[PDB]
Each structure stands twice: as structure tokens, then as C-alpha cells.
Amino acid sequence: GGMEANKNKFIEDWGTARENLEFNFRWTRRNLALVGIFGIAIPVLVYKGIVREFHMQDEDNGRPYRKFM
Amino acid sequence: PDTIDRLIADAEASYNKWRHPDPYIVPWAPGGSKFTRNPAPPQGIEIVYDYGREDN
Amino acid sequence: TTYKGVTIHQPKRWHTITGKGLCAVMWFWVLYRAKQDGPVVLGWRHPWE
Amino acid sequence: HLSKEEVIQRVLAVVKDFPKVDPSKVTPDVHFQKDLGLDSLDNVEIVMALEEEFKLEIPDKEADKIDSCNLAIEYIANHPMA
Amino acid sequence: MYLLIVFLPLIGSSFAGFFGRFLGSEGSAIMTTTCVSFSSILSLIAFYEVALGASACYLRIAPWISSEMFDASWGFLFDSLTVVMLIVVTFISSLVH
Amino acid sequence: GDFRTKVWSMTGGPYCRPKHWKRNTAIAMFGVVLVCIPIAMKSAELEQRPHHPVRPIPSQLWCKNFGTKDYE
Amino acid sequence: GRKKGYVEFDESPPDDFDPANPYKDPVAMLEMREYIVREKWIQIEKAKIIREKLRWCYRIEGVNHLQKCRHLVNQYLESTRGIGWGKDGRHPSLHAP
Amino acid sequence: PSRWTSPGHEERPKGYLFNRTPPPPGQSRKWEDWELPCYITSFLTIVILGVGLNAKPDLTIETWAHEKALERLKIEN
Amino acid sequence: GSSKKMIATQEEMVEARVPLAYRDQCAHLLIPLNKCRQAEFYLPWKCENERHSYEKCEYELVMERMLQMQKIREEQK
Amino acid sequence: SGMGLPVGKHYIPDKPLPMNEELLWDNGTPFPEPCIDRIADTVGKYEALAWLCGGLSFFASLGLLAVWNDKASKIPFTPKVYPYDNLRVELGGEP
Amino acid sequence: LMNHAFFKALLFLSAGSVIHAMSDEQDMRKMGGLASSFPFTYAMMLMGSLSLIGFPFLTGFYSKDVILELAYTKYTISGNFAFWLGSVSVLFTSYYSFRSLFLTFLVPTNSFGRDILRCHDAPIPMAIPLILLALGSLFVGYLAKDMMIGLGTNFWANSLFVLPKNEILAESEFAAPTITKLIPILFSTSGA
């Protein structure tokens, strides 16, 4: 039956603006800082911590530290 | 009226400073403990039978 | 009973009896236990005395 | 639901129990400023007393709109939680 | 008895939630309350047996998660502490029902 | 409500009072009695009590796995 | 079609397998891997049996379970020394010979 | 009018299952085209799964290694 | 140490299943008390003589330790 | 327990929505509030943080006072010694 | 834990009875003067509140007092911290429980006249749980004291394990001075 939602123009515009955020990127200072912190620095720190955990396991086992990329 | 308006603004600020952290609200009033507990059904709502069928 | 314009019905007899009796049981239990284990709690004498 | 006659009687009792009000000249269709002579603050005090008696909460705009007995009875009778 | 203790609330809850249209507001309440009450009675009997009899009941049905040594299971440990908690939970549940 | 009477829900709905709720509740009692029998028998089969109780206990009537377990 | 439902494997390493060059013969490599898997599973099941008898010792013996089941605790803890395939996070004090 | 004595007001649960309009009295609803194949394949799935899984021999490596470990422990002890 | 010889032996303490934390010099008096507690459903008014004897023994032990520590403190000062 | 008043008509947007309206935990009622609500609107977030830090600092100061008390240094009874080598075998020592 | 389950369920059930009778008021600022109109419910609230405070020889007297004694006797930094905070918490608990009792039942009426007229005490199926919970909050603490918290009881069997060097129950019982035993009562009455 006639079950279609009563579409609101402003709600639809909000949805389209949300799904079209790729046009609004401008490499501003905030965007650059966020990319450099949460896109590079945090993954690098996580990788270093994981490698450190593996190397600590190697030291406790007495083996020779493993080789990672 | 200008000094009246400034007095009103100062009184509003003073009230906002010293208002009760959790003022009493009637339970069914907006913001009470009974607000929207068991509301009456909204009007103009229709339930449709036999929605999806292979043939009409 | 009504005083100015407001009447308040008496609470039910079983309500009053139950509440009063259970509180009386509580107070009598407290008094009996205080008599029995008063000095022990207050340090007057050990239980094996 | 609460009867309109009882609403009228309780509102009239609230209005009559006022210092600056002559109890004789209180009628379901009087105006606070005009007939029985009260200012705005007495009106909002009377509205607060009506709220306290009837166990209901009015938004501030409608509380200001309540400025006479007839309005008070009309609002309280229209409210379903009276 | 002990699986009855554990699963009596489940049976009543499932029946009242899958056939609540037939039991109604009163029938479902009666059913859930009587299931919890029988669970509490069996819990008191279990208290006698375990705590007051210095016994201990152990149960196991299925491995559930079974790996090389991930030894999960659908077991039931009935110690004095477990039985005390059983009484507390079941009695409070019946009174709350 | 006005439209809630046309909505089928598993757990009755708002203010569910069927005409034969007494008969339905009796049938539910019988169903509980029926479903609890296999559970009770499985309980009696699967229970293990390594320690003999100090006093005679109700579980001694049906459960027989009393003191039949050893760690060897 | 299968003859009967019980597993038939050989408890011996496959022949023509060179430890120096395990990758020379693919069939020998795969059969040796399967045999190693079977041996590891046998060790795991032995540890599981020891664990089961340990748990039943702990259940049967009450407060005095620290001295009656000490031998079983030691046996289980030495039996779980080389069970795993990738349990390198387990401390060498409990997972290394 | 006690709640525990008076019979319920409604003769039928409110609404209809699957929001299906009931057929006229003395008639049975017409089944959908998918209903027969779906029900036959569901019953066949249930019977095949149950019978096959219960009748399947327990030839798992876990049980085989358990038996072998028991034999080895008995030999060692 | 203590000024009371341990009457109860390891074998009878283990057989009676005395709790580990209470395997002290008063265990020989605790053993009958625990049997009485089991026999009388741990009621707080049934086992009086045994409970009083065990509590007196425990109080004697605690007083011995208090005297020892008081002597230690006097020697320190 | 008991039927209440109708909730009323919700808010139909008539102006462009903010780009974070999903952070508005709106019911079907005309009284929506954000998914994150500050219980004490009178005080600022930093003032509340300062007060909470003061309370936690009071807890830490009381802990430091307990450390400075050195109650273990004023124990009135010597440590209890159990018979049979301090229950070595019973606790799990090598027999 | 068991004693708290009992008397706290009692408090919640009694407060729910008050709220249900008062048309779901739930606010103590508009709840005064209900002692006369709620005899049985007020009696239940009083019994539960006294148990929660730990009035002598109730179900809360046999649980929290021993906890405080053990906290005092645990001669450690953590023990001292716990003893201080437990004593002050006993004081505050007495204060707020008696404040709730006064505001809900004994303070002169502050509620609206609408709720006062139609207030009815708890019916039979709301009173049967209350009576059982009151009996429990009276006698559970006394009956289960020797069963659970007794001196060297084998009741727990192997369910609970305590190291021989960590048992201080007898030490507290026979070492705690009388003043430190009686601190909770004095703090409770000061808070009241």
C-alpha cells in the first residue's frame, strides 16, 4: 500500500550532504593534523607496541628476537 | 525601559546562577519520572494486511 | 474524618494491626536479644561466663 | 475526569483565599486587574496556587496567559490531568 | 532436581512469551510466579541436601565450546556458596513476582 | 488502542485478556508438568555426588551416583 | 563406502621421509605432517585425561585438597608443557621444557 | 468483576498472524507458490541433518587421540 | 610459638576436614564442635558447650600472642 | 502503571538540519534531548572536572594519611604460627 | 550479601508501595506526612531502615559490625583506609536513611492534596512479600550467624578458601576493644 515515508526536503538534504563529504575536504590545518596523528602516528605506535610485545616474548623465551617488516 | 531591560537580564543571570540543580517536576510533566510512560496510541495510524503477495 | 473541607479515611484495620504487630515483634526481639547478649557485646563478660 | 463545577468551585476558593481580594466580588467571569484589583505578581501567585492544588504543571507562556478566573477554569477543565 | 531449579524460570518465561496471547495478563503472571515458586522450593530442598547434608552436586550436559583444551562445558557447580545464592535469588524472584 | 487491536504480537499485546485464559493457563500448567519430566529424569541421571550426605536426603531416592566417582 | 566407524591410523612415522630434506618428497611431507598432528593430539588428550582426574580429585577432596591432589597438580602442569601449536605467549616457566 | 474470576473480553488475540486476512468461513486460505517447496525442503533439511548427524560415526580425531592416550597411559602405568 | 601443645594430629584433622585456616592448637576442640554444628543444622542455640570451649581456647591463644607482643614491645623500649 | 497522556506531535524540520543531528537522541515526542546529557547544567564542564579532581585528591590524601599512619607498625599481637611446620604439607609443601 | 539482599529488597518494595499509592510521585520533597496514612508500609520501611543502619541485634547488626571490626583488625594501609571510610559511611548511611524516613513519613505534610485523598496502603499480594522480607530482616542475620560467619565453621566446605595467614576473624573478635566494637552504634545515633 501507500507506505512510502513522507520525505522531508531538509532531512534528505542533510543525508545527501552527509554522504557527499568527499567534496568538502580541503587539507586544512585540522585535517592535516588529524591525518598525521590518527592516520599515521597511532597506527605506527600500535605496530611498534605489537613488535615490542613479540620481542619481549622472545627475550623471556631466550630466543633470538624475531624479524618483522 | 533600557535600565528595565538590564535589570531583567541581571535578574535572569542571578536566577540561572542560584537555581536548584534538580528542580521538582510533576511526574507526567515534560521531564518527570512518569513522562511518556504509557502514552495513548497516536491517531491516524493504519495497519495494512496482505502487504506482500505474489499476485494482486 | 473531615477538618476544613478535606476528609481522610481511616487506614484499614488489618493494615494497622499488621504494621503495629510486626513493629512490636521487632522491638521485643531487640529487647530480648539485648538482655541476652548485652554484656557480651558491651565487653562486660565473655560468652563463656 | 474532574467535573467542571468542582473546577469552578476550587478555582473560586483559591481566588477568594487571597489578602488583597474581597471575597464577595468573586465570580467565575472576573478579571484580576480589572474587577478584583490585583497586579501581575498576584496573578502568577494565584496561578502557582492553582497548580499546587490541582497537581498540574503549566508552561510559563500559558501561565502568563492565565490572567482571569474564566481563563483559569477553561484551562483547568481542558487539562485531562486535573 | 537441579536442572529443574536452573530451567524452571526459563520454561515459564518461554511459554509466557511465546503464548502470552492465550495466557493473558493473569495467566502469564500465575504461570511465571508458580514456576519461580517451584524453583525456590527445589532450591530450599537443594540447600538441605548440599549445605545441611555436607554433600555436593555436579552436573554436565554438553561440551559447548570444545577445542584442543578450551574446556568449556554446560556444567553446574552446586557448592554451599552456590546454594546460598540460589536461595537468595529464587526467594527474592518469587517475592518480586 | 484504536490501531493496537490490529497488531498481532506473540506476548498478547496491550491489555491481553483472552476469554478462556483459565483453560489456557491450565493447559500451560499441564505443559510445564510434561516438559519437566524429561528434564527431571536427565537430572537424576547426570547428577554426581562424590560425598555421602550426613543425613538422608531426598536425592537419594532417585539419584544413584553417590560416592561412585574416584580420581584414578 | 566406509567399512566401519572407527578410525584406523598407524602409530609410526611414514617411511622414505628425510629429516634433512623434508620437502624432497611431497607425499612423505604431508604424511609426516599428519602424523605429527596425530601425536600432538594424543599428547593433548593425555593432558585432558590428567586434567579430568585432577578436577575430580579437587572435588572429592575438600578443604584438604592442597596435599591430596598435589601430585595430580604437578602431573598436569608438567603434562601441559608442550601441548600447543602457537601458544608462545604462555610464559616459559609453564610452557617450555 | 474480579480480575481472577471474570472471563477475558477478547475472543481472539488482537490482529492476525503475518497480517493475513482470514479466509471466509468454510474456506481454507490458498497457499503461495513458494510454500510447498519451502516446507518440503525444510522438513527434508530437518530429517537429513538430524538422522545423518546422529547416525554419523564418532570418528573424530579428538576421540581417536583420546582412546590412544588412554591406551598409552594404561601401558605406562 | 605457643604455650599449648597441639593435641589433634594431622590424620584426624584431615579426616574431620577441619578448615585450613583453623588447623591451630584448638582444632582438637573444634572437631567436636563442627560435628555438633553439622548435626544440629548450625542453629545458633544448640551447640553451646562445644562453642564456648572452642571460643575459650581461641581467646587463650589470642591472649598468649598479645602477651608475647607486649613483652616484645617492652623489650624494644 | 496506567495509561498516560499522548506524547504529542514531534518536530518536523523546517530549516536546514545541522551536520551532527545524529547527536540528538530524539524520541517521537516534542521534547528531544542529546544522547549525551549533562546532569548538572548549572556548573560548567571544567568546573565539574575541577570538583571531581578535588574529591579524588581528597581520597588520595586520605590514602596518604593512612600510609603515614603506619598502622601495621602498631599491631598488638605477634603473627600466628601454626603447628607442623606452619602447615607446610597441608598448604602444599613438599613432604 | 544475603542480609543486604533481604533488607534492601524490603526497602525497594516498600518504596514502590509508597510510590504506587501516591500516583507515582517518587519525590520526597512532596511526600511528607504519610506515617498515619501508611501504617503497614511505614512499619515495613522502619524495620528495613533499622536493619540497614544495623540497629542492635537485627540482620544488619550481625553483618556490617563484623566487617568494621575486621577492617580495624587488618593492620595494613588498606585496612586503615577501609576502617576510616567504613565508619564515616556508617555515619552517612544512618543520616540519609533517617532523613528519608522523616521526609517520607514523619515530616508534616508537603504533598499535594490530590494525592493525599487517594492513598491506599499495599494490598495483599504487595503485603505478603513485605511480611516475609520483614521476618527475614529480623531473624536471618541471627539464624545464619553461626552458619556462615561463625568461628571455624565447616559449613562453606571448599566453596570459600582463606589462607591460614589471612584469617583474622578470631583475632578481631578477641582483640577489638569495646569502644571500636561500639563505634557503629554511636555513629548511627549521631547521624540520626
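Residues numbered from 1 in each chain as written, not as in the entry; some residues may be left out. Chains lettered and ligands numbered in written order. Part of a larger assembly, values for the part shown. Heavy atoms only, no water.

- Determination of this PDB entry was carried out by cryo-EM to a resolution of 3.2 Å, according to the record.

1. A word on the overall build of chain J
Here's step 1: Counting its regular elements, chain J contains two helices and zero strands.
Here's step 2: In terms of overall dimensions, chain J is more spread out than a globule: its C-alpha atoms have a radius of gyration of 30 Å, far above the 12 Å expected for 95 residues.
Here's step 3: In terms of its C-alpha atoms, chain J occupies a principal-axis envelope of roughly 85 × 35 × 35 Å.
Here's step 4: Looking at the 95 residues of chain J, the share that counts as buried comes to 16%. (Helix = DSSP H or I, 4+ residues; strand = E, 2+ residues; numbered from the N terminus. Rg over C-alpha atoms; globule rule 2.2 N^0.38 Å. Buried < 20%, exposed > 50% of the residue type's maximum accessible area, 1.4 Å probe, protein only.)

2. Quick word on the overall build of chain A
Here's step 1: Scanning chain A from terminus to terminus reveals two helices and zero strands.
Here's step 2: Its C-alpha radius of gyration of 24 Å places chain A more than 25% over the 11 Å reference for a compact globule of 69 residues.
Here's step 3: Its C-alpha atoms put chain A at 70 × 40 × 15 Å along the principal axes.
Here's step 4: Of all 69 residues assigned to chain A, the portion counted as buried reaches 6%.

3. With respect to the UniProt feature "transmembrane region" (unreviewed entry) in chain A
Here's step 1: When the UniProt feature table is mapped to this numbering, "transmembrane region" (unreviewed entry) covers residues 32–51 of chain A.
Here's step 2: The annotated region residues 32–51 of chain A carries 100% helix and 0% strand content, and the separation between its end C-alpha atoms amounts to 27 Å. (UniProt positions renumbered as here; feature names shortened; annotations may be inferred.)

4. Remarks on the UniProt feature "transmembrane region" (unreviewed entry) in chain J
Here's step 1: UniProt feature "transmembrane region" (unreviewed entry): in the numbering of this structure it lies at residues 48–68 of chain J.
Here's step 2: Split by type, residues 48–68 of chain J is 100% helix and 0% strand. Its first and last C-alpha atoms lie 30 Å apart.

5. Quick notes on the pattern of salt bridges
Here's step 1: Per the counting criterion, the structure on display carries 35 salt bridges over all chains.
Here's step 2: Of the charged contacts, one joins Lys15 of chain J and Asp14 of chain J as a salt bridge, the two residues approaching to 3.7 Å between their closest N and O atoms.
Here's step 3: We classify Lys15 of chain J as partly exposed; its relative accessible area is 49%.
Here's step 4: With a relative accessible area of 53%, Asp14 of chain J lands in the exposed category.
Here's step 5: One network of salt bridges, with partners in common, ties together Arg37, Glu48 and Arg51 of chain I together with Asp146 of chain K. (Salt bridge = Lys/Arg side-chain N within 4 Å of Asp/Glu carboxyl O.)

6. Side note on the interface of chain F and chain E
Here's step 1: Listed as interface residues are 35 residues of chain F and, on the opposing side, 37 residues of chain E.
Here's step 2: Across the chain F to chain E interface the summed buried area is about 2,900 Å²; carbon plus sulfur atoms make up 64%.
Here's step 3: For the chain F face of the interface with chain E, the top three residues by lost area are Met10, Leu46 and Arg49 of chain F, together amounting to 16%.
Here's step 4: With its nearest N and O atoms 2.6 Å apart, the salt bridge here joins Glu26 of chain E to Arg17 of chain F. (Contact = heavy atoms within 4.5 Å. Buried area = accessible area lost by both parts, 1.4 Å probe.)

7. Focus on the interface of chain I and chain K
Here's step 1: Counting from both sides, the interface comprises 23 residues of chain I and, opposite them, 21 residues of chain K.
Here's step 2: Between chain I and chain K lies a buried interface of about 1,900 Å² when both sides are counted; carbon and sulfur atoms form 60% of it.
Here's step 3: At the junction of chain I with chain K, the criterion picks out three salt bridges.
Here's step 4: The partner of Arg51 of chain I in a salt bridge is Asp146 of chain K, with the nearest N and O atoms 2.3 Å apart.
Here's step 5: Run the count over chain I and chain K and you get seven residue pairs in polar contact.
Here's step 6: Taken together, the elements giving at least two residues each to the side of chain I that touches chain K come down to α2 (27–39) and α3 (49–76) of chain I.
Here's step 7: Ranked by residues supplied to the side of chain I that touches chain K, first place goes to α3 of chain I with nine residues. (Polar contact = N/O pair within 3.5 Å; in protein donor to acceptor, adjacent residues only side chain to side chain.)

8. Thoughts on the nonpolar core
Here's step 1: Counting residues in each nonpolar core, the largest one holds 83 residues, and the members touching the most others are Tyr2 of chain E together with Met44 and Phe155 of chain K.
Here's step 2: A total of 10 residues in this core trace back to one element, the largest contributor, which is helix α2 (residues 39–53) of chain K.
Here's step 3: Excluding anything up to four places from it in sequence, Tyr2 of chain E contacts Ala46, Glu49, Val50, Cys57, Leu59 and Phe78 of chain E together with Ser43, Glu47, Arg49 and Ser59 of chain F.
Here's step 4: With 33 residues, the next largest nonpolar core counts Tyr24 and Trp28 of chain B together with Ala72 and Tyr75 of chain D among its residues. (Core = buried A, V, L, I, M, F, W, Y, C linked by side-chain atoms within 4.5 Å.)

9. Quick notes on the packing of α2 of chain K against helix α4 (residues 77–106) of chain K
Residues and elements named next belong to chain K.
Here's step 1: Put simply, α2 and α4 touch, their axes get as near as 10 Å, and they point 170° apart. Taken together, α2 and α4 sit at an angle that is classed as roughly antiparallel. From α2, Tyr42, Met45, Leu46, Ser49, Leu50, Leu52 and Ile53 reach across to α4, where they touch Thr93, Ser94, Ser97, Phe98, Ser100, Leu101, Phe105 and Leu106. (Axes fitted to C-alpha atoms, helices over the stretch in contact; angles between N-to-C directions. Parallel < 35°, antiparallel > 145°, perpendicular 65-115°, else oblique.)

10. Some thoughts on the environment of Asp64 of chain D
Residues and elements named next belong to chain D.
Here's step 1: Looking at where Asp64 falls in the secondary structure, it is placed in helix α3 (residues 60–65).
Here's step 2: Classification of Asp64 by relative accessible area gives exposed; the value is 58%.
Here's step 3: Between the alpha carbons of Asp64 and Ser40 there is a distance of 8.7 Å; along the sequence they are 24 residues apart.

11. Topic: helix α9 (residues 178–191) of chain K
Here's step 1: Here α9 of chain K is 14 residues long and its end C-alpha atoms lie 20 Å apart, about the 20 Å a rise of 1.5 Å per residue gives.
Here's step 2: In α9 of chain K, a bend of some 35° at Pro184 of chain K exceeds every other bend along the element.
Here's step 3: Of the residues making up α9 of chain K, those classed as buried are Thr180, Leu182, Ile183, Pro184, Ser188 and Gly191 of chain K.
Here's step 4: Elements in contact with the buried residues of α9 of chain K: α1 (13–42) of chain C together with α2, α3 (64–73) and α4 of chain K. (Expected span 1.5 Å × (residues − 1). Bend = angle between axes of the 7 residues up to and from the residue.)

12. Focus on the side chain of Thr153 of chain K
Here's step 1: Among the structural elements, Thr153 of chain K can be located in the loop between α7 (145–148) and α8 (169–175).
Here's step 2: For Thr153 of chain K, a relative accessible area of 10% puts it in the buried group.
Here's step 3: Ignoring any residue separated from it by four or fewer positions in sequence, one finds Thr153 of chain K in contact with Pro19, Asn34 and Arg37 of chain I together with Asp146, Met147 and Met148 of chain K.

13. What to know about the packing of α1 of chain C against helix α6 (residues 124–143) of chain K
Here's step 1: Their axes nearest at 11 Å, the elements α1 of chain C and α6 of chain K cross at an angle of 5°. Classified by the interaxial angle, the pair formed by α1 of chain C and α6 of chain K is roughly parallel. Residue-level inspection shows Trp14, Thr18, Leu22, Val25, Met26, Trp29 and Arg33 of chain C of α1 of chain C in contact with α6 of chain K, the latter providing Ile124, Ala127, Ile131, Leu135, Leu138, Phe139 and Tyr142 of chain K.

14. What about the state of the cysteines?
Here's step 1: In total, this model carries three disulfides over all chains according to the counting rule given.
Here's step 2: At a sulfur-sulfur separation of 2.0 Å, the disulfide partner of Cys57 of chain G is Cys69 of chain G. Given an S-S torsion of about -95°, the disulfide between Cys57 of chain G and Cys69 of chain G has left-handed geometry. You can see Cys57 of chain G sitting in helix α1 (residues 26–60) and its partner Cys69 of chain G sitting in the loop between α2 (65–68) and α3 (70–79), a full 12 residues away along the chain. By the burial criterion, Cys57 of chain G is buried, and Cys69 of chain G matches it.
Here's step 3: Sulfur-sulfur distance for the disulfide between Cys26 of chain I and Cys57 of chain I comes to 2.0 Å. The sign of the S-S torsion, about -85°, decides the handedness of the disulfide formed by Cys26 of chain I and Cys57 of chain I: left-handed. Remark: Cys57 of chain I occurs in helix α3 and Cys26 of chain I occurs in the loop between α1 (10–15) and α2; sequence separation between them is 31 residues.
Here's step 4: For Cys26 of chain I, a relative accessible area of 0% translates into the label buried.
Here's step 5: Not part of a disulfide, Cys119 of chain K finds its nearest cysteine sulfur in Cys23 of chain C, a span of 18 Å.
Here's step 6: A relative accessible area of 10% places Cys119 of chain K in the buried class. (Disulfide = S-S within 2.5 Å.)

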